[PDB]
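Asks: Quick mapping for you: the protein sequence lines, in order, are chains B and A. Just so you know, the first sequence maps onto residues 432 to 433, 439 to 599 in PDB author numbering. Just so you know, the second sequence maps onto residues 18 to 174, 187 to 226, 236 to 288, 315 to 400, 415 to 497, 504 to 517, 523 to 767, 772 to 839, 851 to 919, 926 to 1028 in PDB author numbering. By construction, the Cβ of each residue, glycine as well, lies at the ideal position given by its N, Cα and C atoms.
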Amino acid sequence: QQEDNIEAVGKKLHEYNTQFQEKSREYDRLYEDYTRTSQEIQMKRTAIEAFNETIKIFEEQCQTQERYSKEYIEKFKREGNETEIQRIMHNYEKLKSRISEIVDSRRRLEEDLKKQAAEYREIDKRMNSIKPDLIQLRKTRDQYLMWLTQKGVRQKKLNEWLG
Amino acid sequence: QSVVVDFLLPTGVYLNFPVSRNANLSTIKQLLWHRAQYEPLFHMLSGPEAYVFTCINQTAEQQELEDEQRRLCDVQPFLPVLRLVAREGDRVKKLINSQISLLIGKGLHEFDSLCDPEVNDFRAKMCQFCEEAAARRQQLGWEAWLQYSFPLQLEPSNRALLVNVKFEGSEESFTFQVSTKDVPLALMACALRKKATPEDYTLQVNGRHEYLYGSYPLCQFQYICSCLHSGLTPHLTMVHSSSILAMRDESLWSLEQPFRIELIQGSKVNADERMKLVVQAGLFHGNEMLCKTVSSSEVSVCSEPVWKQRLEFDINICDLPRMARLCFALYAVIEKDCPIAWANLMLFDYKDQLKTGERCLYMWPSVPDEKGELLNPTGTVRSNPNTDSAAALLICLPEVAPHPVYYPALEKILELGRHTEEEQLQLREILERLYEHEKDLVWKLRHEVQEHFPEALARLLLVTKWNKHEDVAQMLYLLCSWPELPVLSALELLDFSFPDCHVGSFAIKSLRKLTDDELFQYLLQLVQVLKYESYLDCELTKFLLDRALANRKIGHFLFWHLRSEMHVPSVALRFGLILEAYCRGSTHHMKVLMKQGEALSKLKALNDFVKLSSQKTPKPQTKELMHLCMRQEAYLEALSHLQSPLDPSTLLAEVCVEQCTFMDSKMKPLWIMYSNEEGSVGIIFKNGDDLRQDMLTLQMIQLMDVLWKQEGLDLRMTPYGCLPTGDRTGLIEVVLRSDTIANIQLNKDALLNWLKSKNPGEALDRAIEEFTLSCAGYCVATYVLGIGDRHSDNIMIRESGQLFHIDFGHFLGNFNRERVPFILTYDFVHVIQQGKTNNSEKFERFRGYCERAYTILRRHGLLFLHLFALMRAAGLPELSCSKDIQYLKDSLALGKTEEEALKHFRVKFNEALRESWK
Ligand SMILES: C[C@@H](c1oc(=O)c2ccccc2c1-c1cccc(CN2CCN(C)CC2)c1)n1nc(-c2cncc(O)c2)c2c(N)ncnc21
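1) Going by CA-CA distance only, name the one from A/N556, A/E573, A/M441, A/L384 that's closest to residue 846 of chain A.
2) Would you please state the rounded distance, in angstroms, between the beta carbons of A/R437 and A/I398? I believe it to be under 8 Å.
3) Less than 8 Å between C-beta atoms, sequence neighbours within five positions excluded: which residues of the same chain meet that for A/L112?
4) Spatial neighbours of A/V212 within its chain, please: CB distance less than 8 Å, with the 5 preceding and 5 following residues excluded, ordered by chain position.
5) Cα-Cα, which of A/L119, A/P65, A/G775, A/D91 is closest to A/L101?
6) Which residue's Cα is closest to the Cα of B/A486: B/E546, B/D440, B/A554, B/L594?
7) Give the interface partners of A/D336 over in chain B, defined as CB-CB distance under 9 Å, in chain order.
8) Could you list which residues in chain A have their beta carbon closer than 9 Å to that of B/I535, in chain order?
9) Using 9 Å as the limit for Cβ to Cβ distance, is A/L741 near chain B?
10) Report yes if the C-beta of A/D897 is less than 8 Å from at least one heavy atom of ligand 1; otherwise report no.
11) Is there contact here, the region 694-702 of chain A with the region 150-162 of chain A, by at least three beta-carbon pairs under 8 Å?
12) If you measure from the CB of A/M900, is any heavy atom of ligand 1 nearer than 8 Å?
13) Provide the residue span of the alpha helix (DSSP H) that contains A/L241, from first to last.
14) In whole angstroms, give me the CA-to-CA distance for A/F542 and A/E525.
15) In terms of alpha-carbon separation, which member of A/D529, A/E527, A/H536, A/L717 lies closest to A/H497?
16) Can you find a heavy atom of ligand 1 that lies under 8 Å from the Cβ of A/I794?
17) Check whether the Cβ of A/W760 lies closer than 8 Å to any heavy atom of ligand 1, and answer yes or no.
18) Taking buried to mean at least 16 other C-beta atoms within 10 Å of its own C-beta, is A/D753 buried or exposed?
19) Since A/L577 is in the beta strand (DSSP E), which residue starts that stretch and which ends it?
20) What is the DSSP secondary structure of A/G330, counted as helix, strand or coil?
21) My guess is that A/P173 and A/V799 are in contact by the Cβ rule of under 8 Å, so how many angstroms apart are they, rounded?
22) Closer than 9 Å by beta-carbon distance: list the chain A residues that pair up with B/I571, in chain order.
23) Hey, out of A/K340, A/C366, A/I379, whose CA is closest to A/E320's CA?
24) Using three-state DSSP, classify A/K557 as helix, strand or coil.
25) Quick check on A/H60: does DSSP put it in helix, strand or coil?
26) With DSSP run on the structure shown, which of helix, strand or coil describes A/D447?
27) If we call anything under 9 Å between Cβ atoms a contact, is A/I643 one with A/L608?
28) Note down, in chain order, every chain B residue with its Cβ under 7 Å from the Cβ of A/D23.
29) Give the residues of chain A in contact with B/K530, contact being defined as C-beta atoms less than 8 Å apart.
30) Between which residues of its own chain and B/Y556 is the CB-CB distance below 8 Å, once the five residues before and five after are set aside?
31) Report yes if the C-beta distance between A/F974 and A/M810 is below 9 Å; otherwise report no.
32) Is the CB of A/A694 under 9 Å away from at least one CB in chain B?
33) Can you name the start and end residues of the beta strand (DSSP E) that A/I901 belongs to?
34) When you check each C-beta in the region 504-522 of chain B against every C-beta of chain A, which residues fall closer than 8 Å?
35) Measuring only between beta-carbons, confirm whether B/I442 sits less than 9 Å from chain A.
36) Quick check: does the Cβ of A/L692 come within less than 8 Å of any heavy atom belonging to ligand 1?
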């Protein structure tokens, strides 16, 4: 209605405690990376919003350039000043070519964010594979420790095995 | 030192050319106009002062850059892109809104992007409330503004010493004798007659924003008390009320159907394919299950698992309490355990409406811990902000009526809530000194508890059955007519066990008695409790904001407690919104915090330079390479001239660059020294470790010092400042004129002869008493708090004689957690006895001090327990479970009597004296 020797059990307490501590360190490494990568992903997504607002301002400027230039391109054409129109339109082309650089820069960040999003999921997967081992090694350590406390082993002798 | 900047003119024209990073915006605008004249459509532009630059700042917001004395490197635009726009409209709100975003470390657009009514109504209500108080502050007088800005720093509460008085502008000073117990109106009158040979002036300490005024005597001020005890003469200044104004200007119970929910789908799960996924679920109120924990059927491990299951609980819809939370947990079992993630959800919303429709809960990852529970009901209700990457569970609360249904009002609850000597003897035994039989007894005698046992309201709330709506209404009926409890009891009611909104409201109602002095002692604890709050708009948040607007110092420390956890995703939203409201109601202090932020921003970059240089080059070269980075115009101006984060009355004026340095530690702590018209002040900028642990300990030592000082016992402690400012970053106050024990010793009379050099002749007998008093206090403090890992490297002594401890890494038994014994070092006992092998008279005083100290803390033992209990919110490893709180119960020995506890303390004292020789 409800078994090895004490020295042999204490040996296994030392082994299982070492295996637990190693896995505890390994998880703390992966959790550090999980913490770190979460900050980096947020920064990247905040930077993409910045890219968007930058590009938004450039597109507002392109709207301003087309609306404002309608009056003066016509006026300089009447006065016979085709050279002033050439300055205006080439400047607009110089504005447009800069956007292509900023748009190209935004795409690189989006691709790094895609690669870093995979790594986040890969780390979290590696964490969730170790949790079974870590939780079980905590339980096993505790059960052997409680077994020896029942058997009546001194606290000083348990500390040697735990270390 | 140069960068190519895109310029966008309001005619649509685009200029592009290099400028220096150190060059300010006003200078940049002049170079722009000089190149704009050689580009089309120049004639149609107005003058440069008609326009203002706009950039995209680091938080991805447009910022109208009104202050053109800012350097482009200090502005920190995302890409080097400036755009000219019209300098008109409501520029006041525009300037503040952008300056807030940078200051809090979060863009205000991120609050808008959520499209959340709860957020928008918080912003609406709190900003309006805060703006009104700031307006009302300005209409009020100069004396009241002085109370707000520069509140009285007093000691916890007959001689005739000199005092060097001065006036604003004049170089001459006046030294003359004045008594210790005089009221400062008299002190001004004496100096005012000396000017010729009252109510329109106020006194001020030199090189400080600490003002002497009000009904209190001169002895109760910290500046005076420090000057009397040390020996030096107070140096004051007489400021006029005009100069102060210059600073001021310049139905639910119907629906009896059982509760249920549709578990639809999971998203973005990352687990081992061999296993199968299970969704554990359960309802909660505080840290108590309302019903059984329902579980789902098993599905194979993929990214997008599907269930589509009904999950019926054993509780009715009518029976649910106000603060009911559906707590989830995603696991990974084997078909015939692994916690992946968890998420909590409040059944009723902030407006009291029961939630319906689909809810996409973005889950938090599960950490394995010593408890190892199924669910995590103590966790935050707010969803994970990393939405696109992190996992989630699609669920759906079903419809239960044609129209929606609310949780009943206070009126309707009161209506439902209405209606021997043997059992009364049993109630005494339970409360004065809980099991299932005791719970039903107390609930039966709940009316007698209200009448005869007001202090045990907390006990009555736990025994109440929150899963039955009948029991809830009866408890709330009693609560709304419950008599006002003291501070000490009210602090207990703020804990995670008491989630109910009426209970919180009662707890805050009792805390309105707090003085600003006493509130400051519990401010850290009160900040941490906000993690347990469910909704954003709450009484504790309002209470904290009320006091911050009332008192500038409280507001200052409220800012940095909240700001320092903006990196933490679980509180970034909640804290960010409070910091917004605070900022709007204290625009004057915003300017101060902006200097502090940018000073701290440079010290990070300065520490990172020193960290990289320490690996490559040696220390003497790196120390010189540090000063070059400091001496640059952007770095020097930002670090120079600001109020200290550690104490905003203290003025950090001139950076003494040559005196600055760094230690060769794990995290390489910077040592910044200052000098101002008073004398010297220093700080340590630590980046790498978390300083909350060290702060909490220093706060509790400071609390002991106050508690001892209230009982007529000044143990000459050194509770120096410690302030977390950010992500593993913070300042720490330099205790000047001091050194570590290791550096002094590196034998028998090592510390004794150190005191002889620093206190020769008559001062020696004073410094020993300073040592004896201080050592006693720190012996008792470290004992009670359970502080291990003490040694020569982390213990210090001042030149005046006071010993003090530093850098508290571990406490409450931890190092595995065992009882840390009482520790008396042979070297300290040698100094206490004045170089003698046996000196029973002096050692008996020292024994007396440690006993008197220890007894005083037992009288206020519940305070320490209640405060430490609330700090569990902070998620410190060494202060997590109830056994950590138990350490304090045993060390103070509150279960035992005052005689019994003191007899046990003497045995631990006597055993420490024996262990000193060994
Ligand atoms: C260990 C010492 C220290 O910490 C540095 O980080 C550091 C960095 C660059 C250089 C020295 C240092 C020193 C240091 C070491 C020996 C002697 C002196 C005095 N010196 C001698 C030269 N003499 C010319 C000037 C005074 C300081 N130290 N740590 C803390 C401290 C750190 N974290 C948390 C905390 O709760 C306290 C602290 C404090 N609150 N108050 C005072 N000292 C303190």
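Replies: Looking at the atomic coordinates:
1) Since chain A is numbered 839 and then 851, with no step between, residue 846 of chain A has no place in the structure shown.
2) That pair is no contact at about 30 Å.
3) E81, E83
4) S253, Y254, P255, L256
5) A/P65
6) B/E546
7) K561, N564, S565, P568
8) Those within 9 Å of B/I535 in chain A number zero; the least Cβ separation is about 10 Å.
9) no
10) yes
11) no
12) yes
13) Segment 239-243 is the beta strand (DSSP E) holding A/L241; no alpha helix (DSSP H) there.
14) 20 Å
15) A/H536
16) no
17) yes
18) exposed
19) Unbroken run through A/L577 is the alpha helix (DSSP H), 576-581; no beta strand (DSSP E).
20) strand
21) 5 Å
22) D415, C416, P417, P446, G450
23) A/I379
24) coil
25) coil
26) coil
27) yes
28) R534
29) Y31, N33
30) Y470, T473, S474, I477
31) no
32) no
33) 899-902
34) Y504, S505, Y508, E520
35) no
36) no
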